[PDB]
Q: 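Right, I'll just put the structure down here and ask away after.
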Amino acid sequence: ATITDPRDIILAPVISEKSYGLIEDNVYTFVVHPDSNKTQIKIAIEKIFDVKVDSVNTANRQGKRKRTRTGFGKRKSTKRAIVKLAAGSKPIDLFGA
Amino acid sequence: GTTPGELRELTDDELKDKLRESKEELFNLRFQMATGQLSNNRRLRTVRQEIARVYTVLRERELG
Amino acid sequence: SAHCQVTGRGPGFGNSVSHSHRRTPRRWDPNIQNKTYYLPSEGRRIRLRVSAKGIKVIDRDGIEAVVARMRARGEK
RNA sequence: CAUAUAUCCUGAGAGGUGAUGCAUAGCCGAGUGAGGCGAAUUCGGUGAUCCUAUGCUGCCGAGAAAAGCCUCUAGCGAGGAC
RNA sequence: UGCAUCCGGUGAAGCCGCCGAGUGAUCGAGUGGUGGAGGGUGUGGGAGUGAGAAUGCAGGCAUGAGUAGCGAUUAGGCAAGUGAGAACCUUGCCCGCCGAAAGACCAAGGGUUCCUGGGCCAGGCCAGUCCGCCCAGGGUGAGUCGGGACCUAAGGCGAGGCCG
RNA sequence: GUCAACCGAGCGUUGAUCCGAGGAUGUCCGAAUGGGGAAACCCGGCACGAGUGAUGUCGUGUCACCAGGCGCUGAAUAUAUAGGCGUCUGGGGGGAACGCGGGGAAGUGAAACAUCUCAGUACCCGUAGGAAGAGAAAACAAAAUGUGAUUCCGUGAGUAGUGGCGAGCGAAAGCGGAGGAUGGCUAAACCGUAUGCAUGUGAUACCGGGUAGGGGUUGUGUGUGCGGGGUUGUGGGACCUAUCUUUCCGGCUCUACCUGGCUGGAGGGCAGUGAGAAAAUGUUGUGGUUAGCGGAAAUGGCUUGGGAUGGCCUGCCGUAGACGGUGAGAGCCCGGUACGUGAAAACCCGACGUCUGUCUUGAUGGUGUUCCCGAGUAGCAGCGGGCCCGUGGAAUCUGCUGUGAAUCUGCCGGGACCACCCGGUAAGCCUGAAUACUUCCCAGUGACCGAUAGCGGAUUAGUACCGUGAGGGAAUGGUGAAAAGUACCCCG
């Protein structure tokens, strides 16, 4: 069988100045599965943090082509999901900001 | 962490519950690692192995 | 020629020209003749590309038994 | 039955609203740049290669399709529209 | 290489020399140096067996030569700074150039070149504290934009099919 | 895991890492197959399930085309078919070489060139299999009481011959050998049964004789299927026929009656997963393969040396002195070697049997006539191909087109052809071994290369790079025994 936990889509959070500022604005950015979609992510986030999500915005980020003696090498093309919770939304603690 | 010997005692529903719990632990651990709040990095491999064992057991019960 | 169905006669290949023994290649295509074959059990006529030898033999054996052998081979 | 400054449609643009907002010339210190306050905002003129315009006129060389939209019924129909 | 012998970390080969030898290719179980591990001799066997030339091939290095050139038609300068180091980087003030462009925005194409921080033996036709260079990290948020999920043109693929 | 360390975490005799086998999972593309598509990315339908206040969303399955069966339906249109719907089974593509069948160059050589050669090469196409193909005489041979499937090897022989008789090409028989299965089935004629089609002294006609029913052992024909029966050349086989005649029982044998064939059961053989019919099933082989394990004998002395694996001297093992490693030439330090062990499971070979098939109502050997012995075939002609044979007197074989027979006193071949004689018995099928090859795997070898060599590739290798693309296509090895990889100070 397969268990479609919503936590398989949500891979990791993003830790950056921009992510922290958006956290102050109550907007949390995650690294999601590249084959996911906004509605899937909304449902997953809701089921995970027991919260209500206003919008979800996705940006696909190509991988950096880094060089080496062998030649060149490319990192992974990630997918970021920026998630605006609703007004109150009982915010998240798991980011360790 | 847990053994197949002691996973085969459990039921399908207990296994699925343990699977959900292990996926939750893995989620929390990925977040801890991203934030730097994880010393024990091997918990991730451990939990992935637990998930694999559980899926293996369930498929084994499905087939024979 | 159009590569018969009941008898499978395909073209032979060779080289034909004299007076210098040049031997430029050609083909010796069969006498394929469009024929509307009917099966008096079902009296409708389907257009086939068959050989003249096939026609002679199939007038010898009737359309029926040779059509049995033909459908047994499975060709259309 | 009518030839209608009738009616309908289309439609630039004007005006209103949007706008008690926003922005701004400038002013305060602050000097990394964080901010804060904030005047009047009427008249004309010129004037598009842009809009009305997928128009109008003229011409021959005689100028995409399909979706879409509208309508028709066939049909569905006991719930349905606004 | 077969066989038999011999030498060798008490220093083989290779390389550089000295002193010499042979009619010649060449020799040196004569010597030193360097070096560090396999070689010599005789007798046979077999050869990828000998290069100076092929406008030969590859590599390295010369000659020209510290020579030409250092890539437009705009033009740079002063002060101050930074720094080991400044014609070139930074700031300010001047001057000058474009101004249907040498401005601003897109497509195509490129693909991270963007931003921040750091660096400076390569690159930049000089130098370089600078950089489109190097390193690390970050960065691209769409119901309405451009596209798909709507439509078809040319044209393409083309169930079956026909023809071959 | 590693380049390739470092950091941080941990695991492990409760047996990790690692090795082998079997399984599970196995995104997306790709035959690619739900549909689309610029391959690896876009859009879905249906069913089930989850999730939502519901739409959205998620997951699991499934959904290509074609062929062949099976079932339903059966257009114009009536028969009916084409077709449509459903289901099931399969294919599709890749692969280094080898194979079979087809197609088929040119450079070149001929000192030109066209015939010819190159060459049936390269290339292409279609197809396979682990081998293939061929193969059980319508053969060879030459009068020998001959051989006796096929393939392959060597010879025959660079011969006979062929050839613008030029360049060149080039057999076969026969012989010696490999391997041996001189192997096995069938169609036909006759019966029997079933069935389709058309019909019916429709009864004196449907078993074998005679009686009686029966209204058909159809009056039948005719075609097909099935089963028998028959598979050959000294011709054989069938139909008739006659002598002998190895098992038992039952039911039919149109019907009951005596007597002639068939069909079931039983003892038994005979074979078998094979070409000769086909699967499954077990038990079981210190049989094998896929991990490995053990495995003798020097801390020997002296000396040199950084180090002994060198030298000198002592011993020792040896079914082990093979090859490597270890601080320099190590049998006795290590991995190992000789040698010997080892498989839970999977797989492959066997054996034993279940089981399957067949014979078993059977054969034996004889006598004289009709029937059969593979048909659009052979043969013939025309044009061609290939055979040594280049159309020549050109057989044999073979493609196309026409024409077109005979079934044994028949036909084919024995190098035009005729006669005789001999051999064989086409037009139907199958068939192992000897033979060819190596993408890949294992173990090994080299008077093979040893980094401009050897694979292009010891290294980032079909990479970087070049090119739109097909495609082309590099260079780059060595510290040292051990990083002990130069702390620290000085110039900078």
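Letters A, B, ... mirror the listed sequences (proteins, then strands); counts begin at 1.
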Q: Can you sort out the partners of C/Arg22 under salt bridge (charged side-chain N to carboxylate O under 4.0 Å, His left out), two or more places apart, ordered by chain and number?
A: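 Per chain and number, C/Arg22 pairs via salt bridge (charged side-chain N to carboxylate O under 4.0 Å, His left out) with no residue.
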Q: Base, sugar-phosphate, or nothing for B/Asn41, non-hydrogen atoms under 4.0 angstrom?
A: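 Touches a base.
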Q: Tell me the interatomic distance from C/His19, atom NE2, to F/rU391, atom P, rounded to whole angstroms.
A: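 About 12 Å, once rounded to whole Å.
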Q: Identify, with sequence neighbours excluded, every residue that meets salt bridge (charged side-chain N to carboxylate O under 4.0 Å, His left out) alongside B/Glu25.
A: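 Only B/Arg43 meet the salt bridge (charged side-chain N to carboxylate O under 4.0 Å, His left out) criterion with B/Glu25.
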Q: With no hydrogens and no angle check, is any side-chain donor or acceptor of B/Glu9 less than 3.5 Å from a backbone partner on B/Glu6?
A: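 No; judged by distance alone, with no hydrogens or angles, the pair does not exist.
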Q: Under 3.5 Å for both distances, do we get a Watson-Crick or G-U wobble pair between F/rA280 and F/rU354?
A: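 Result yes; both H-bond distances under 3.5 Å.
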Q: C1' atom, F/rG282 versus F/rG374: distance in rounded Å?
A: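 Roughly 47 Å separates the two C1' atoms.
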Q: With both distances under 3.5 Å required, do E/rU116 and E/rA136 pair Watson-Crick or G-U wobble?
A: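 Pair flag for E/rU116 and E/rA136 is true.
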Q: When you measure from the side chain of B/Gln49 to the backbone N and O of B/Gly1, does any donor-acceptor pair fall under 3.5 Å?
A: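 Side chain of B/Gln49 to backbone of B/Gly1, a donor-acceptor pair under 3.5 Å: no, none is there.
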Q: Report the residue (C/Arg27 or A/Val27) whose heavy-atom-nearest nucleotide on RNA chain E is the more 5′ of the two.
A: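 With C/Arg27 and A/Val27 compared, the 5'-side residue is A/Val27.
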Q: For A/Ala44, report the nucleic acid contact type (base, sugar-phosphate, nothing); a contact means any heavy atom under 4.0 Å.
A: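 Counting heavy atoms under 4.0 Å across all strands, no contact is made by A/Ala44.
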Q: Please classify the glycosidic conformation of F/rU486 as syn (within 90° of 0) or anti (everything else).
A: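 Here the answer is anti: the torsion falls beyond 90° from 0.
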Q: Checking all strands, does A/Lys66 fall into the base, sugar-phosphate, or nothing category for heavy-atom contacts under 4.0 angstrom?
A: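 It contacts sugar-phosphate atoms only.
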Q: Mark yes or no for whether A/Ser36, through its side chain, and A/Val32, through its backbone, hold a donor-acceptor pair below 3.5 Å.
A: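 No, the answer is negative, given that no donor and acceptor are paired below the 3.5 Å cut-off.
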Q: Identify whether any heavy atom of C/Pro25 sits under 4.0 Å from a base atom; if not, whether one sits that close to sugar-phosphate; answer base, sugar-phosphate or nothing.
A: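 Result for C/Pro25 = sugar-phosphate.
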Q: Checking only heavy atoms, does the side chain of A/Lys84 share a donor-acceptor pair with the base of E/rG141 at less than 3.5 Å?
A: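 No, no donor-acceptor pair under 3.5 Å.
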Q: With sugar-phosphate meaning primed atoms plus P, OP1 and OP2, does A/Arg65 contact a base, only sugar-phosphate, or nothing at under 4.0 Å between heavy atoms?
A: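 Answer is sugar-phosphate: A/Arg65 comes under 4.0 Å of backbone atoms only.
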Q: With a 6.0 Å cut-off on the ring centroids, do A/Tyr28 and A/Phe49 count as close?
A: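 Here the rings of A/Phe49 and A/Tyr28 have centres that are no less than 6.0 Å from each other.
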Q: Can you run down the ring pair (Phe, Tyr, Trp, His ring centres under 6.0 Å) pairs that involve residues 19-47 of chain C, sequence neighbours left out, and say none if there aren't any?
A: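 Qualifying pairs, neighbours excluded: none.
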Q: Under 3.5 Å for both distances, do we get a Watson-Crick or G-U wobble pair between F/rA198 and F/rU62?
A: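 Check failed, no canonical or wobble pair found.
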Q: Give a single yes or no on stacking for F/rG376 with F/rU377, with the cut-offs at 5.5 Å between ring centres and 30° between planes.
A: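 No, F/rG376 and F/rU377 do not stack on each other.
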Q: Within the 4.0 Å heavy-atom criterion, would you say C/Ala52 contacts the bases, only the backbone, or no part of the nucleic acid?
A: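 Since only primed, P, OP1 and OP2 atoms lie under 4.0 Å of C/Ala52, the category is sugar-phosphate.
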Q: Could you walk me through whether B/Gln32 and B/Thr35 pass the side-chain hydrogen bond (donor to acceptor under 3.5 Å, both in side chains) check?
A: CA-CA 5 Å; B/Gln32 282 173 56; B/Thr35 53; over 6 Å; no
Q: Have a look at A/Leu22 and say if it touches a base, only the backbone sugar-phosphate, or nothing, with a 4.0 Å heavy-atom cut-off.
A: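 The answer is base, as A/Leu22 lies within the cut-off (heavy atoms under 4.0 Å) of a base atom.
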Q: Enumerate all atom pairs, one protein N or O and one N or O from nucleotides 20-30 of chain F, separated by less than 3.5 Å.
A:
from, atom 1, to, atom 2, distance (Å)
F/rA24, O3', B/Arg59, NE, 3.4
F/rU25, OP1, B/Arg59, NE, 3.0
F/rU25, OP1, B/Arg59, NH2, 2.7

Q: C/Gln5 CD to E/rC163 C1': how many Å, rounded?
A: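 Atom CD in C/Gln5 sits about 12 Å away from atom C1' in E/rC163.
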Q: Quick one: list whatever passes salt bridge (charged side-chain N to carboxylate O under 4.0 Å, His left out) with A/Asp54, sequence neighbours left out.
A: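 Once residues adjacent in sequence are excluded, A/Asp54 has no partner under the salt bridge (charged side-chain N to carboxylate O under 4.0 Å, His left out) criterion.
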Q: Can you check nucleotides 114-122 of chain F for protein contacts, nitrogen or oxygen pairs under 3.5 Å, and list what you find?
A:
from, atom 1, to, atom 2, distance (Å)
F/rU115, OP1, C/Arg22, NH1, 3.3
F/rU115, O3', C/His21, O, 2.7
F/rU115, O3', C/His21, ND1, 2.7
F/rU115, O2', C/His21, ND1, 2.7
F/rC116, OP1, C/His21, ND1, 3.3
F/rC116, OP1, C/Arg23, NH1, 3.1

Q: By ring-ring contact (aromatic ring centres under 6.0 Å, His included), which residues pair with B/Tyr55, not counting sequence neighbours?
A: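 B/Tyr55 satisfies ring-ring contact (aromatic ring centres under 6.0 Å, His included) with no residue once adjacent residues are dropped.
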Q: Compare all side-chain heavy atoms of A/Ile10 with those of A/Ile45 and state whether any distance is below 4.5 angstrom.
A: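 With C-beta onward as the side chain, the pair touches.
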Q: Using the 3.5 Å cut-off, write out each protein N or O paired with an N or O of nucleotides 1-6 of chain F and the distance between them.
A:
none

Q: Are a donor atom and an acceptor atom from the side chains of C/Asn31 and C/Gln33 found within less than 3.5 Å of each other?
A: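 Short answer, yes.
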Q: Between F/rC190 and F/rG236, how many Å separate the two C1' atoms, rounded to a whole number?
A: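 These two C1' atoms come out 16 Å apart once rounded.
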Q: Partners of B/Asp17 by salt bridge (charged side-chain N to carboxylate O under 4.0 Å, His left out), sequence neighbours excluded?
A: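 B/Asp17 satisfies salt bridge (charged side-chain N to carboxylate O under 4.0 Å, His left out) with no other residue.
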Q: I need a per-nucleotide contact map over nucleotides 66-78 of chain F, read 5' to 3'. Cutoff is protein heavy atoms under 4.0 Å; write B for the base, S for backbone only, - otherwise.
A: -S-------BBB-
Q: Pairing status of F/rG49 with F/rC58 is requested, where a pair means Watson-Crick or G-U wobble geometry with both distances under 3.5 Å.
A: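 Yes; the pair between F/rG49 and F/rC58 satisfies the definition, which requires both distances under 3.5 Å.
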Q: Look at the side chain of C/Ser41 and the backbone N and O of C/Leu39, then say whether any donor-acceptor pair between them is shorter than 3.5 Å.
A: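 It does hold such a pair.
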Q: Output one line per pair: protein atom, nucleotide atom from nucleotides 142-145 of chain E, and distance, for all N/O pairs under 3.5 Å.
A:
from, atom 1, to, atom 2, distance (Å)
E/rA142, OP1, A/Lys38, NZ, 2.6
E/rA142, OP1, A/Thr58, N, 3.2
E/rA142, OP2, A/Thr58, O, 3.0

Q: May I ask you to verify whether the side chain of A/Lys64 and the base of E/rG138 hold a donor-acceptor pair under 3.5 Å?
A: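 Such a pair is found, so the answer is yes.
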Q: Sort and list the pairs that fulfil side-chain hydrogen bond (donor to acceptor under 3.5 Å, both in side chains) and have at least one residue in residues 82-97 of chain A, not counting sequence neighbours.
A: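 For residues 82-97 of chain A, and leaving out neighbouring residues, the side-chain hydrogen bond (donor to acceptor under 3.5 Å, both in side chains) pairs sorted by first residue read A/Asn26-A/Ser89.
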